[PDB]
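In the block that follows, a single chain appears as structure tokens, in the form deposited in one PDB entry.
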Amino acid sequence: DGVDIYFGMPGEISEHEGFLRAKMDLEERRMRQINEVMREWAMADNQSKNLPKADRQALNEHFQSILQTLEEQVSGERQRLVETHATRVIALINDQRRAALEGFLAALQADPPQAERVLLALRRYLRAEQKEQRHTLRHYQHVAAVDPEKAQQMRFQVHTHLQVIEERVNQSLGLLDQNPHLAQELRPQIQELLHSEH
């Protein structure tokens, strides 16, 4: 129990499928609980006509309240599932960007620098940044699609994050410019990369 949670999900399971799986398990679990409550409600409701006013009242009050509690648990649970998943998606994206930066740096500091190795290490870093950019855009797009007031409030933050990504890209291309010969030789390929990743 406390042990299985330590080991977590087996490696053969991606965060994405693990997330969907968890989401479906909870969907099914809650559907059964709702059904059980609705069934109990129907049973009791069938006897309502032969009850005194006060008992009739305490009876509807009873089920409305149980459903209130269940609605709160379903909602609180989804919120927890969504946060856990969003946090992990973001961390992976950040981890991959950092790993790719390290690799690009090593290629640059090699004695001597191999154009093809530098271009590929850079490509990987740019793709890590494209992934982060798409993540930012998709998140905003999702909020706008389902919640307008929140979209408006995050507008500037999206713009800012996109400028941070743009600056990391320029900073990386600046690292490549400390080796003129190399930069000139790779400019045409890098331009193609920057265009397609847009």
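Rigid core here is just the name for the largest C-alpha set that superposes within 1.5 Å across the two forms. So that there is no doubt, residue numbering starts at 1 and follows the sequence shown.
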Item to check | Per the entry, higher mean C-alpha B factor between 82 to 90 and 108 to 116 | outcome: 108 to 116
Checklist entry - Taking the recorded C-alpha temperature factors, which stretch has the higher mean, 5 to 13 or 181 to 189? => result 181 to 189
Checklist outcome for this item: Residue set 26, 67, 51, 146, per-entry CA B-factor max assigned to 146
Checklist entry - Hey, out of 36, 132, 61, 166, whose CA B-factor is highest in the deposited coordinates? => result 61
Item to check | Cα B factor band for residue 152 (lowest, middle or highest third within the chain) | outcome: middle
Checklist outcome for this item: Of the three thirds of the chain ranked by Cα temperature factor, residue 141 occupies the lowest
Next on the checklist: Ranking every modelled residue in this chain by its Cα temperature factor as given in the entry, which third contains residue 170?
Outcome noted: middle
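Although it is not shown, the form deposited in another entry is what the next lines describe.
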Item to check | Out of 137, 145, 54, 31, the residue that alone shifts its CA by 2 Å or more between this form and the one not shown when the rigid core is the reference | outcome: 54
Item to check | Cα displacement of residue 162 between this form and the one not shown reaching 2 Å, rigid core superposed | outcome: no
Next on the checklist: Could you check, with the core superposed, whether the Cα atom of residue 44 shifts 2 Å or more between this form and the one not shown?
Outcome noted: yes
Item to check | Rigid core superposed: residue 174 CA moves 2 Å or more between this form and the one not shown | outcome: no
